[PDB]
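Here's a solo chain for you in structure tokens, the form deposited in one PDB entry.
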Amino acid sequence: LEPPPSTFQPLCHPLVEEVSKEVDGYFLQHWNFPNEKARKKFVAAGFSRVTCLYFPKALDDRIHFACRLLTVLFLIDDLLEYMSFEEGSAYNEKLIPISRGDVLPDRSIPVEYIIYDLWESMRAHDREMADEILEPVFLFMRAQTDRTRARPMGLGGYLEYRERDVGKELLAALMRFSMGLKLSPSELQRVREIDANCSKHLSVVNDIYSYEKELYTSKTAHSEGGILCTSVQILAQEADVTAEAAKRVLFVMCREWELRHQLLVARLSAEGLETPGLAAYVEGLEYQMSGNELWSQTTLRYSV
């Protein structure tokens, strides 16, 4: 699969090697893997590597929090595939009060205490910015088991839903936390078109590379949790082409979204609305798009 040209230059956080060792090591100590094969597969994924590609301008003393959060979320994303919507929702809802810190974790259950300790540590570091990630995470978690996944969707409807399931908002708040980048409500409201555009790119680039993994899952895992929900399948169906053909077409659309990002950024600046905070922010989103692509292309999570 030959990606169409992009003008985006992906960047990776400079501390990626040390932070990946730290965070992978933490999960290898605490998380419950079913066997050694699974432990190796976990390390192969490079969950801290994608985090460092997503947030290359994260502050050095903050990048690890982001790595931990995305790692645990990846792990849960995989667990949900073996559950019904009802079971998955129950699993996720239990972690919400724990994430807030309202409820103590069962220390015999790694997901509970990992989640609890992580969020406590983030609030200890920067309470205001950590709290601003909570609702975006819960919105993502609830989308994961939304019944809409069991209903046919068109492309537009899918992308509207997928903005939640792909965790666009959580990634934005996490990026801001990791960079210590504070924005006003007016600044935030100002870039909503830019956000919505960026989420389609993240979503579809992921869909393109994760399709084979997810097709297999739809055949082998739970009839609800493993359900095939992806732009690749949707376009293949609507246009009556193969999944591989749909990937090639979707990749061209991703590049059109890249062009639109540049246009929207130019226009924000042109109408005198680009603050220094907003400039750092929209550049931040570009790294998310190019980083997501670079990792997705190379990660063993999708290639094997």
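Don't overthink the numbering: it's just position in the shown sequence, from 1. We call the rigid core whatever largest set of C-alpha positions still superposes within 1.5 Å between the two forms.
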Other entries lacking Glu224, at least a third: yes
Quick note on 29 to 37 and 43 to 51: per-entry mean CA temperature factor is higher in 29 to 37
Mean C-alpha temperature factor, higher of 54 to 62 and 273 to 281: 273 to 281
Between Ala266, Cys254, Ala236, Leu69, which carries the biggest CA temperature factor in the record? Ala266
From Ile98, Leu171, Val204, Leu228, the top C-alpha temperature factor is at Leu228
Considering only modelled residues of the same chain, in which third does the CA B-factor of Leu15 rank: lowest, middle or highest? highest
Sorting the chain's modelled residues by C-alpha B-factor, tell me whether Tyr113 ends up in the lowest, middle or highest third. middle
Ordered by C-alpha B-factor within the chain, which third holds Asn92? Give me lowest, middle or highest, please. middle
Could you place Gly167 in the lowest, middle or highest third of its chain by Cα temperature factor, using the values in the record? lowest
Using the B-factor values recorded in the entry, state whether the Cα atom of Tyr161 falls in the lowest, middle or highest third among the modelled residues of its chain. middle
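The discussion below concerns the form deposited in another entry, not included here.
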Upon rigid core superposition, which of the listed residues (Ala38, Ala245, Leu28, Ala44) is displaced by 2 angstroms or more at its Cα between this form and the one not shown? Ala245
If the two forms are fitted on the core, does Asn206 show a Cα displacement reaching 2 angstroms between this form and the one not shown? yes
When you overlay the rigid core, is the Cα of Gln233 off by 2 Å or more between this form and the one not shown? yes
Once the two forms are fit on the core, has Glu120 moved its CA by at least 2 Å between this form and the one not shown? no
